[PDB]
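Enquirer: Quick one: the structure is below, and I'll ask about it shortly.
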Amino acid sequence: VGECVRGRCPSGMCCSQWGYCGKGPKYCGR
């Protein structure tokens, strides 16, 4: 359901290797 738009994040967040959006090293890798 909540996975990255249907492929990306909002213009400022990072899509994790879980396919889910956020910030920090679980999401941006840094």
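Each chain in the structure tokens gets a letter, A, B and so on, in the order shown; residues start at 1 in every chain, and ligands are counted from 1 in the order they appear.
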Just the residues within 6 Å of residue A:22, please, counting only C-alpha atoms, with nothing from its chain fewer than 2 positions along; format it as a ChimeraX atom specification.

Expert: /A:13-14,27

Enquirer: Can you write out the residues you just picked, keeping N, CA, C and O atoms, as a PDB file, in the first residue's frame?

Expert:
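result-v8.pdb, freshly written:
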```pdb
ATOM      1  N   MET A  13      12.320  13.731  -0.085  1.00  0.00           N
ATOM      2  CA  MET A  13      12.494  12.477   0.660  1.00  0.00           C
ATOM      3  C   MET A  13      13.203  11.402  -0.190  1.00  0.00           C
ATOM      4  O   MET A  13      13.487  11.611  -1.368  1.00  0.00           O
ATOM      5  N   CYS A  14      13.510  10.253   0.421  1.00  0.00           N
ATOM      6  CA  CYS A  14      14.316   9.162  -0.132  1.00  0.00           C
ATOM      7  C   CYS A  14      13.569   7.820  -0.061  1.00  0.00           C
ATOM      8  O   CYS A  14      13.032   7.456   0.989  1.00  0.00           O
ATOM      9  N   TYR A  27      16.729   5.073   4.410  1.00  0.00           N
ATOM     10  CA  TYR A  27      15.950   5.639   3.320  1.00  0.00           C
ATOM     11  C   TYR A  27      16.849   6.292   2.268  1.00  0.00           C
ATOM     12  O   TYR A  27      16.761   5.949   1.094  1.00  0.00           O
TER      13      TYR A  27
END
```

Enquirer: With a distance cut-off of 12 Å and only C-alpha atoms, select the neighbouring residues of residue A:8, excluding the residue or stretch itself and same-chain residues fewer than 2 positions from it, and output the selection as a list in words.

Expert: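 Everything that qualifies: residues 2, 3, 4, 5, 6, 10, 11, 12, 13, 14, 15, 16, 17, 19, 20, 21, 22 and 27 of chain A.
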
Enquirer: Residues of chain A in strand (DSSP E) according to DSSP, as a PyMOL selection string?

Expert: chain A and resi 14-15+21-22

Enquirer: For the selection just defined, write its residues with N, CA, C and O atoms to a file, as a PDB file, in the first residue's frame.

Expert:
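The result, written out as selection_2.pdb:
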```pdb
ATOM      1  N   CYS A  14      13.510  10.253   0.421  1.00  0.00           N
ATOM      2  CA  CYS A  14      14.316   9.162  -0.132  1.00  0.00           C
ATOM      3  C   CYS A  14      13.569   7.820  -0.061  1.00  0.00           C
ATOM      4  O   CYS A  14      13.032   7.456   0.989  1.00  0.00           O
ATOM      5  N   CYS A  15      13.524   7.092  -1.183  1.00  0.00           N
ATOM      6  CA  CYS A  15      12.889   5.778  -1.266  1.00  0.00           C
ATOM      7  C   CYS A  15      13.858   4.681  -0.798  1.00  0.00           C
ATOM      8  O   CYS A  15      14.894   4.462  -1.425  1.00  0.00           O
ATOM      9  N   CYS A  21       9.048   5.142   1.597  1.00  0.00           N
ATOM     10  CA  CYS A  21       9.635   6.481   1.565  1.00  0.00           C
ATOM     11  C   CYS A  21       9.980   7.025   2.965  1.00  0.00           C
ATOM     12  O   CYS A  21       9.301   6.699   3.939  1.00  0.00           O
ATOM     13  N   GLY A  22      11.008   7.881   3.065  1.00  0.00           N
ATOM     14  CA  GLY A  22      11.430   8.514   4.321  1.00  0.00           C
ATOM     15  C   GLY A  22      12.724   9.328   4.192  1.00  0.00           C
ATOM     16  O   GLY A  22      13.068   9.801   3.109  1.00  0.00           O
TER      17      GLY A  22
END
```
